[PDB]
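Read the structure below first, then the notes.
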Amino acid sequence: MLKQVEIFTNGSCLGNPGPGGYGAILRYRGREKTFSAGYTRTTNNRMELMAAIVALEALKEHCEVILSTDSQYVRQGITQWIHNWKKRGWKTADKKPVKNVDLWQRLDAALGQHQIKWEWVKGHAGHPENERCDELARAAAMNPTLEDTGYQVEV
């Protein structure tokens, strides 16, 4: 068995907004949980966020995670933004709530319960689990059943 929890995530969206969905694979305990869902109206950014969210909300105890994703909006949030948003009380420079604060606060709550190592893969050099995620991702966007509540044309 594996000593570290492994998570692979991916999001897709056909429009902006449009139908999109996610693919997430997590190796926890001795199983391979596979997650995927399509949303009728949403964005690429929100699906790449959701990928990462459902995977972590799966962990019921504090674990050491290694999360691998080709998502730059997530990388960006994680390496540049989130730290500042917390300081700023989840607001932008002109004092408005940031875009997708609903999803970033949600991922934030989840990240906070674990020890996370991030692996940022280039879309053309992912691991087989990353490819299967994209595949799951695309399938879902194609047959969406859920509503992405938190979507705002607005802010």
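Naming scheme: A, B, ... for chains in displayed order of the structure tokens; residues 1 onward per chain; ligands 1 onward as shown.
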From a backbone DSSP assignment, name each residue in region 80-118 of chain A labelled strand (DSSP E or B), as an mmCIF file with N, CA, C and O atoms, in the first residue's frame.
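Written output follows (states-v7.cif):
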```cif
data_model
loop_
_atom_site.group_PDB
_atom_site.id
_atom_site.type_symbol
_atom_site.label_atom_id
_atom_site.label_comp_id
_atom_site.auth_asym_id
_atom_site.auth_seq_id
_atom_site.Cartn_x
_atom_site.Cartn_y
_atom_site.Cartn_z
ATOM 1 N N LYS A 91 -11.415 39.748 -0.801
ATOM 2 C CA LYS A 91 -11.768 40.897 -1.623
ATOM 3 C C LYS A 91 -10.604 41.319 -2.522
ATOM 4 O O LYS A 91 -9.425 41.153 -2.206
ATOM 5 N N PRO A 97 -15.870 41.156 -3.681
ATOM 6 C CA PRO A 97 -15.539 39.730 -3.474
ATOM 7 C C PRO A 97 -14.855 39.262 -4.760
ATOM 8 O O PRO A 97 -15.222 39.688 -5.863
ATOM 9 N N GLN A 115 -1.947 17.992 4.682
ATOM 10 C CA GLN A 115 -0.562 18.290 4.336
ATOM 11 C C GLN A 115 -0.454 18.036 2.821
ATOM 12 O O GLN A 115 -0.314 16.851 2.474
ATOM 13 N N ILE A 116 -0.488 19.098 2.040
ATOM 14 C CA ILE A 116 -0.436 19.092 0.591
ATOM 15 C C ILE A 116 0.779 19.451 -0.224
ATOM 16 O O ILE A 116 1.301 20.570 -0.281
ATOM 17 N N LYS A 117 1.218 18.506 -1.043
ATOM 18 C CA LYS A 117 2.362 18.733 -1.971
ATOM 19 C C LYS A 117 1.678 18.907 -3.333
ATOM 20 O O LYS A 117 0.897 17.977 -3.678
ATOM 21 N N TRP A 118 1.866 20.012 -4.025
ATOM 22 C CA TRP A 118 1.248 20.246 -5.326
ATOM 23 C C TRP A 118 2.148 19.839 -6.498
ATOM 24 O O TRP A 118 3.306 20.259 -6.437
#
```
Surrounding residues of region 34-38 of chain A excluding itself and chain neighbours under 6 positions, 6 Å, only C-alpha atoms, as a PDB file with N, CA, C and O atoms, in the first residue's frame:
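In the end it all went to part-v9.pdb:
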```
ATOM      1  N   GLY A  20     -19.797  21.875 -18.723  1.00  0.00           N
ATOM      2  CA  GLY A  20     -18.349  21.513 -18.485  1.00  0.00           C
ATOM      3  C   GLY A  20     -18.445  20.435 -17.423  1.00  0.00           C
ATOM      4  O   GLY A  20     -19.605  20.073 -17.050  1.00  0.00           O
ATOM      5  N   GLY A  21     -17.289  19.952 -17.016  1.00  0.00           N
ATOM      6  CA  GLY A  21     -17.336  18.883 -15.973  1.00  0.00           C
ATOM      7  C   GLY A  21     -15.922  18.602 -15.518  1.00  0.00           C
ATOM      8  O   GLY A  21     -14.988  19.241 -16.002  1.00  0.00           O
ATOM      9  N   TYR A  22     -15.802  17.653 -14.613  1.00  0.00           N
ATOM     10  CA  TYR A  22     -14.535  17.291 -14.007  1.00  0.00           C
ATOM     11  C   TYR A  22     -14.284  15.808 -13.992  1.00  0.00           C
ATOM     12  O   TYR A  22     -15.175  14.957 -14.104  1.00  0.00           O
ATOM     13  N   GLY A  23     -12.995  15.559 -13.825  1.00  0.00           N
ATOM     14  CA  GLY A  23     -12.491  14.175 -13.708  1.00  0.00           C
ATOM     15  C   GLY A  23     -11.493  14.285 -12.543  1.00  0.00           C
ATOM     16  O   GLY A  23     -10.674  15.202 -12.502  1.00  0.00           O
ATOM     17  N   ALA A  24     -11.636  13.431 -11.583  1.00  0.00           N
ATOM     18  CA  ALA A  24     -10.781  13.360 -10.396  1.00  0.00           C
ATOM     19  C   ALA A  24     -10.682  11.857 -10.022  1.00  0.00           C
ATOM     20  O   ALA A  24     -11.716  11.196  -9.911  1.00  0.00           O
ATOM     21  N   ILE A  25      -9.492  11.425  -9.773  1.00  0.00           N
ATOM     22  CA  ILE A  25      -8.938  10.179  -9.365  1.00  0.00           C
ATOM     23  C   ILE A  25      -8.103  10.513  -8.098  1.00  0.00           C
ATOM     24  O   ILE A  25      -7.230  11.356  -8.182  1.00  0.00           O
ATOM     25  N   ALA A 140     -18.309  14.135 -19.194  1.00  0.00           N
ATOM     26  CA  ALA A 140     -19.271  14.799 -18.296  1.00  0.00           C
ATOM     27  C   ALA A 140     -19.852  16.052 -18.904  1.00  0.00           C
ATOM     28  O   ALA A 140     -21.052  16.289 -18.789  1.00  0.00           O
ATOM     29  N   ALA A 141     -18.998  16.880 -19.484  1.00  0.00           N
ATOM     30  CA  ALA A 141     -19.440  18.153 -20.105  1.00  0.00           C
ATOM     31  C   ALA A 141     -20.476  17.848 -21.175  1.00  0.00           C
ATOM     32  O   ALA A 141     -21.372  18.636 -21.451  1.00  0.00           O
ATOM     33  N   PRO A 144     -24.233  16.638 -19.008  1.00  0.00           N
ATOM     34  CA  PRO A 144     -24.377  17.378 -17.746  1.00  0.00           C
ATOM     35  C   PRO A 144     -25.743  17.176 -17.110  1.00  0.00           C
ATOM     36  O   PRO A 144     -26.784  17.213 -17.763  1.00  0.00           O
ATOM     37  N   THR A 145     -25.704  16.943 -15.805  1.00  0.00           N
ATOM     38  CA  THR A 145     -26.894  16.691 -14.975  1.00  0.00           C
ATOM     39  C   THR A 145     -27.039  17.615 -13.767  1.00  0.00           C
ATOM     40  O   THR A 145     -28.110  17.708 -13.120  1.00  0.00           O
TER      41      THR A 145
END
```
Contact residues around residue 90 (chain A) with only C-alpha atoms at 10 Å, ignoring same-chain residues under 3 positions, as a list in words: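 Listing them by chain and then by number gives residues 81, 82, 83, 84, 85, 86, 87, 95, 96, 97, 98, 99, 101, 102, 104 and 105 of chain A.
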Within 12 Å of residue 111 (chain A), counting only C-alpha atoms, which residues show up once you throw out same-chain ones fewer than 5 positions away? Write them as number ranges by chain, please. A: 52-59, 62-67, 78, 82, 104-106, 116-118
How would the residues just chosen look if you wrote them out with C-alpha atoms as a short mmCIF file (atom, residue, chain, number, x, y, z; two decimals), in the first residue's frame?
```
data_model
loop_
_atom_site.label_atom_id
_atom_site.label_comp_id
_atom_site.auth_asym_id
_atom_site.auth_seq_id
_atom_site.Cartn_x
_atom_site.Cartn_y
_atom_site.Cartn_z
CA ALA A 52 -9.71 19.50 -6.58
CA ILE A 53 -12.62 20.15 -4.14
CA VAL A 54 -14.52 16.81 -4.38
CA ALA A 55 -11.23 14.80 -4.19
CA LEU A 56 -10.20 16.44 -0.94
CA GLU A 57 -13.66 16.47 0.62
CA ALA A 58 -13.27 12.68 0.30
CA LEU A 59 -10.49 12.57 2.89
CA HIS A 62 -5.77 14.36 8.03
CA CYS A 63 -3.49 12.93 5.34
CA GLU A 64 -0.36 13.83 3.38
CA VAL A 65 -1.55 14.50 -0.17
CA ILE A 66 0.19 14.90 -3.48
CA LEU A 67 -2.14 16.61 -5.93
CA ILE A 78 -2.46 28.61 -4.98
CA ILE A 82 -5.17 32.97 -2.03
CA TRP A 104 -11.96 29.22 -3.39
CA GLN A 105 -13.22 29.43 0.20
CA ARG A 106 -14.46 25.85 -0.21
CA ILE A 116 -0.44 19.09 0.59
CA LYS A 117 2.36 18.73 -1.97
CA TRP A 118 1.25 20.25 -5.33
#
```
